[PDB]
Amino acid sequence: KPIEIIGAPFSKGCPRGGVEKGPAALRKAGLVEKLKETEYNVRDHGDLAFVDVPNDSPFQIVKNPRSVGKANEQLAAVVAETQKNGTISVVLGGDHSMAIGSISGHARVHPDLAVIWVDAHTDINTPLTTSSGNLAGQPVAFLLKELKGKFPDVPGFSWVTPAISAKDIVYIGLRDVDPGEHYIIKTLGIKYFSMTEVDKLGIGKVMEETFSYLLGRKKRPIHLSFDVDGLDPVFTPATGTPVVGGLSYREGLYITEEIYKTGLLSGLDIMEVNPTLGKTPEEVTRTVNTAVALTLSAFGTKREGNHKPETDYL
């Protein structure tokens, strides 16, 4: 199965800058070359060039609405195209607002997809509930069908059509949810495993339940949107919104290892790696190494080891 790497050096989803350097940081570590060592054929689409919308005035509280809207519309088109050719899309973030385009485009070809969102946050604030107006904190609000019409049409997002229903997404890692967001996930009946559930059940039982919920009645494509801040800051410090008490390095790899084993991974997002936020050079190396390890894990690398078939190593 073919893999297509798509860089999304974008940071307008936040007031903070720097995450747009994430793709370069990941590639510098050799991510693309390492992926070619897996059983997958790899193609690099390169990094998309985003056109900045001049005089991009704030829509009420929402910041850079048109720029974020345009960037995501372009990304959706690219992902839709790669998905059409039967390849697995791998989006290298900037900010999580790019999930709007990534998931929307993926949904165009695979409308029955299931989303597994690993994040310390729900990123489900709407233009009306957000306290900051940062779109990187509102991706899911633009993707859910249940929230259509729950907020005013934001400039630059007219091309968007709610891809999935609240019943097709599972959150893992939650620990920093706004009151508005909490009201939304409870009201919509969204399935989630906050750190509380991870502590109670263990990551093993968590993945079992995640698959039974999403794949119990029907097997379908999986889109894994991974925000590096889902892991504890001691593992992924170079990120914009670190929150103590996160998933461990081991737990993160367990998630990707189990997803690989389903054979259903169809789209992947590796987001929020901000190279400019490490307190030291090493903190950046640590964050990048973790993101790279997670990506390779999603594509077959197992901690127990790997070896090529039809090869007599003895």
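The first residue of the sequence shown is number 1, and the count goes up from there.
Higher average CA B factor: 106-114, of the stretches 106-114 and 221-229. Of the two segments, 167-175 and 181-189, the one listed with the higher mean B-factor is 181-189 (C-alpha atoms only). Among 246, 54, 275, 252, the highest C-alpha B-factor in the deposited entry belongs to 54. The PDB entry assigns the greatest CA B-factor among 152, 237, 137, 101 to 152. Among all modelled residues in its chain, residue 242 ranks in the lowest third by Cα B-factor. When the CA B factors of the chain's modelled residues are split into thirds, the value for residue 85 lands in the highest one. In the PDB entry, a CA B factor belonging to the lowest third of its chain's modelled residues is recorded for residue 286. In the deposited entry, the Cα temperature factor of residue 256 sits in the bottom third of values across the chain's modelled residues. The PDB entry assigns residue 204 a C-alpha temperature factor belonging to the lowest third of its chain's modelled residues.
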